[PDB]
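Heads up: the structure comes next, in structure tokens.
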Amino acid sequence: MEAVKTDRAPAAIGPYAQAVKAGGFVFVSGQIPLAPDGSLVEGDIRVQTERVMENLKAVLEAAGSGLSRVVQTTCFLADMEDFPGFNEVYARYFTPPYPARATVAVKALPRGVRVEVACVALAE
């Protein structure tokens, strides 16, 4: 029932928490290409995915979890052309067993960003 908060990932400005730990799991909010200071990170899909993955690590770590405990990820891209570049960065962050995953290209993401990744991991 605990909300996770870390300053190593952009702060939660709205009616949401970066992450929530409940019933053995950690539910992480969709992370976008924002630096810890809330500034948007410009660049192609590789550059933006990197920031999102870094924000995910930060949140997961603050929860007492980590990328190796992630069981499911939901990945939204704003363009079909970014599937390959996103997967490339995404691959650097995980090792077997890999999380279950779903990836789709949506019409648009918060603030016009290229990528948003949400996930569910195991709590300790």
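Numbering starts fresh at 1 for the residues of each chain in the structure tokens, the chains themselves are lettered A, B, ... in the order given, and ligands are numbered from 1 as they appear.
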Exercise: residue 24 of chain A partners within 7 Å, only C-alpha atoms, chain neighbours under 2 positions left out, as a ChimeraX atom specification: /A:22,122-123
Write a file of the just-selected residues containing N, CA and C atoms, as a CSV table (one decimal), in the first residue's frame.
```csv
chain,number,residue,atom,x,y,z
A,22,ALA,N,2.2,-3.3,-3.7
A,22,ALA,CA,1.0,-3.9,-3.1
A,22,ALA,C,0.9,-5.4,-3.5
A,122,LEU,N,8.3,-7.8,-9.1
A,122,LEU,CA,8.1,-8.4,-7.8
A,122,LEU,C,8.7,-7.6,-6.7
A,123,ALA,N,8.0,-7.5,-5.5
A,123,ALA,CA,8.4,-6.8,-4.4
A,123,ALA,C,9.3,-7.8,-3.5
```
Could you give me, as a Markdown table, a per-residue list for segment 27-80 of chain A showing, wherever an atom lies at most 12 Å from an atom of segment 15-18 of chain A, the closest pair of atoms and their distance in Å to one decimal, using only C-alpha atoms and sorting by chain then residue number from low to high?
```
| residue | atom | partner | partner_atom | distance |
| --- | --- | --- | --- | --- |
| A:27 | CA | A:18 | CA | 8.6 |
| A:28 | CA | A:18 | CA | 6.1 |
| A:29 | CA | A:18 | CA | 5.3 |
| A:30 | CA | A:18 | CA | 8.2 |
| A:31 | CA | A:18 | CA | 8.2 |
| A:32 | CA | A:18 | CA | 11.2 |
| A:36 | CA | A:18 | CA | 11.9 |
| A:55 | CA | A:18 | CA | 9.4 |
| A:56 | CA | A:18 | CA | 9.1 |
| A:57 | CA | A:18 | CA | 11.5 |
| A:58 | CA | A:18 | CA | 9.8 |
| A:59 | CA | A:18 | CA | 6.6 |
| A:60 | CA | A:18 | CA | 9.3 |
| A:61 | CA | A:18 | CA | 11.7 |
| A:62 | CA | A:18 | CA | 9.9 |
| A:63 | CA | A:18 | CA | 9.9 |
```
Residues within 12 Å of residue 95 of chain A, please, as a list in words. Count only C-alpha atoms; anything in the same chain fewer than 2 positions from it doesn't count.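 In the requested format, the answer is residues 66, 67, 68, 69, 70, 71, 90, 91, 92, 93, 97, 98 and 99 of chain A.
Nearest to residue 114 of chain A of all the residues A:49, A:65, A:87, A:74 is A:49, counting only C-alpha atoms.
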So the first atom is atom CA of residue 111 of chain A and the second is atom CA of residue 35 of chain A; what is the distance between them in Å, to one decimal place?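 One can read the atom CA of residue 111 of chain A to atom CA of residue 35 of chain A distance as 13.7 Å.
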Which is closest to residue 105 of chain A among A:78, A:20, A:26, A:40, if we use only C-alpha atoms?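 Of the candidates, the smallest distance to residue 105 of chain A is held by A:78.
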